[PDB]
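Enquirer: The structure that follows is given in the form of structure tokens.
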Amino acid sequence: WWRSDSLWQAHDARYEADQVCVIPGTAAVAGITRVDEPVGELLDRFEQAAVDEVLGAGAXXXXXXXXXXXXXXXXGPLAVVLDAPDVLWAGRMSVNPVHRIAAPXXXXXXXXXXXXXXXXXXXXXXXXXXXXXXXXXXXXXXXXX
Amino acid sequence: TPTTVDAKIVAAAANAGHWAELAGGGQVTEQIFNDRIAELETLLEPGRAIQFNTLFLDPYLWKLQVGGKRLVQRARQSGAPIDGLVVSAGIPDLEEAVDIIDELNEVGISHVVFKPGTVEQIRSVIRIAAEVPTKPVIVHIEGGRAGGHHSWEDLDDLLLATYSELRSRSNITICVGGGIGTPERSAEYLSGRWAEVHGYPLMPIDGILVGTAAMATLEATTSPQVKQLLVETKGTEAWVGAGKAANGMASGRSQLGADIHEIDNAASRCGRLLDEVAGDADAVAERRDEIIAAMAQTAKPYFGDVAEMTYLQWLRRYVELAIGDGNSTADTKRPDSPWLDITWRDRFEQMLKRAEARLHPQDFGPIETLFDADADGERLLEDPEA
Ligand SMILES: Cc1cc2nc3c(=O)[nH]c(=O)nc-3n(C[C@H](O)[C@H](O)[C@H](O)COP(=O)(O)O)c2cc1C
């Protein structure tokens, strides 16, 4: 009777909060000081200071950090097609057809590998991928003609 | 459970560009939980994706999960944004884990999440990893220094011993968690420098989870007074065995006997009394005066003397406890808040209808046929005093 459903009073309750079971951890509490600090701030605070510590010693103003403020990338259009397993259509998530296009294809062709802009990946399933209008990646599949 | 159950915070955390797990301990049905995902996907901006957390503890939830997993299956068969599943409090057996991994929603699962608490539990997941070597498995290694569900197992020694075998599987993503509020203290586990204190060569980690430090956050539904309470609590170094409130933190056992880390400074009355009552139950009748008054101190009120108490006092006590004046249950019903107590309002009705059932000498024609009408009865309900 005492312990049942004791976790909900910590949220949206006007009652004295010294009567309530509220759940922290022991050692993590020390790291808890700032109150009503947005989630985005705390999680970034972790990432941003982890970056700085990694940057300063080993990286020392790395090309990766400089490329970011200047907008340069890893995994360009050709890689992105072969990387992300999820293919979005509207608000729905689908599996990457290239996963089933790449290997199962009888004849698979990667056109102009080292050159990014002209890069093309085609298959005997009749599915071909190329880039158009910069960031837009164009996948072209065909049935018969 | 309390924190991430709100669709608002898990969305806001994801909209900040971060991975998060929607709590399942606050959702008792497929339908009620499907509302949350719908509220999530609405607050989810384009493309953004979240995961789900489930508990192994009791059979009813595991039977509910059969409907729950098929709900997750149906959702992702419909193409739902939720990209992961988290099994908690225990590690499913191989045949149980294979099912989860191989579900119709599998691609939408994209990885499976397990939380080993013991050396044996770790070795169990390794066997789940070798089961499907091509399926990503994120192994979150927690402590008992963590919050909520507890354990007697050290943070280091477990990971210290089992790390080598964990790295023989490429599909295993090692994630250390517990007792971490900051990037600075958690940086050494990432570099692998943390194992050097124990003499073991560098032992890097792939990821880090923060449970506790995110509770005082702005978008969290934690009450203003409760947040201030979590704050003023002083923290500690490596957990100590001696029974006490330790840095505003003392362990306590749930109804099933498993320990729970709760705040014993912010609230000192519930936890310590519970330990008193627990260790004291043979002679409870003798300490009854001491025990029954302490329930009233923590606001777990018994009723005034049961016989002598007037039916009003009965019916007025339920209204007192169930109906908040500040939140205005009538005004609480209009937004359609999930905090709605409606079973409590239905509880009070069955008591009211019992009162008419108890005192009426006649055929019960006039009274019962009135209060039972929808339009009539619901209007009578929103006005408890009347
Ligand atoms: C209020 C609260 C509720 C929690 N609920 C669950 C849960 O339902 N399932 C679970 O596996 N872990 C749960 N946890 C544990 C966290 O998922 C995480 O493992 C732990 O909090 C990390 O340790 P730390 O917060 O002390 O750093 C909960 C923790 C807290 C504080």
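Residue numbers (UniProt numbering), protein chains in the order written: chain A, 870 to 1014; chain B, 436 to 821.
Ideal placement from N, C-alpha and C gives every residue a C-beta, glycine not left out.
Along chain A, which residues have their Cβ under 8 angstroms away from the Cβ of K669(B)?
Expert: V898, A899
Enquirer: Return yes when the C-beta of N488(B) is under 7 angstroms from any heavy atom of ligand 1, and no when it is not.
Expert: yes
Enquirer: Is the distance from the Cβ of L529(B) to the Cβ of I563(B) below 8 angstroms?
Expert: yes
Enquirer: Could you spell out the range, first to last residue, of the alpha helix (DSSP H) harbouring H968(A)?
Expert: 966-971
Enquirer: Please confirm if the segment 447-461 of chain B is in contact with the segment 659-667 of chain B, defined as three or more CB-CB distances below 8 angstroms between the two stretches.
Expert: no
Enquirer: Where in the segment 632-680 of chain B do unbroken runs of the alpha helix (DSSP H), each at least 4 residues long, occur, reported from the N-terminal end onward?
Expert: 659-667
Enquirer: Out of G525(B), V507(B), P527(B), point me to the one whose CA is closest to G519(B)'s CA.
Expert: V507(B)
Enquirer: Rounding to the nearest angstrom, what Cα-Cα distance links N682(B) and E600(B) in this structure?
Expert: 35 angstroms
Enquirer: Quick one, which of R628(B), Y635(B), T617(B) has its alpha-carbon nearest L644(B)'s?
Expert: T617(B)
Enquirer: Within 10 Å of its beta-carbon, does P801(B) have 16 or more other beta-carbons around it, so buried, or fewer, so exposed?
Expert: It is exposed - the Cβ of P801(B) has fewer than 16 other Cβ atoms within 10 Å.
Enquirer: Return no unless some Cβ of chain B is closer than 8 angstroms to the Cβ of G925(A).
Expert: no
Enquirer: Could you name the residues of chain A that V661(B) contacts, counting a contact when the two beta carbons are closer than 9 angstroms?
Expert: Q878, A879, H880, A882, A886, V889, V891
Enquirer: For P516(B), which residues in chain A fall below 7 angstroms Cβ to Cβ?
Expert: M962
Enquirer: I'd like to confirm something about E530(B): is its beta-carbon nearer than 7 angstroms to some heavy atom of ligand 1, or not?
Expert: no
Enquirer: Any beta carbon from chain A within less than 8 angstroms of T439(B)'s own beta carbon?
Expert: no
Enquirer: Cutting at 7 angstroms between CB atoms, please list the residues of its own chain near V891(A), excluding the five before and the five after it.
Expert: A879
Enquirer: Does the beta carbon of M684(B) sit closer than 8 angstroms to a beta carbon anywhere in chain A?
Expert: yes
Enquirer: Using only the heavy atoms of ligand 1, determine whether one of them is closer than 7 angstroms to the beta carbon of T671(B).
Expert: no
Enquirer: With H, G and I counted as helix, E and B as strand and the rest as coil, what does DSSP make of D811(B)?
Expert: helix
Enquirer: Is the Cβ-Cβ distance between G578(B) and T608(B) less than 8 angstroms?
Expert: no
Enquirer: Ligand 1 and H453(B): does any heavy atom of the ligand fall closer than 7 angstroms to the residue's C-beta?
Expert: Placement of the Cβ of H453(B) at a distance of 7 angstroms or more from every heavy atom of ligand 1 is found.
Enquirer: Name the residues in the segment 618-636 of chain B whose C-beta lies less than 8 angstroms from a C-beta of chain A; which are they?
Expert: Those would be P618, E619, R620, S621, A622, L625, in chain order.
Enquirer: Do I526(B) and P551(B) have their C-beta atoms within less than 8 angstroms of each other?
Expert: yes
Enquirer: Find the nearest neighbour of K679(B) within the set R707(B), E465(B), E667(B), judged by alpha-carbon distance.
Expert: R707(B)
Enquirer: Are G894(A) and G687(B) touching if we call contact CB-CB under 8 angstroms?
Expert: no
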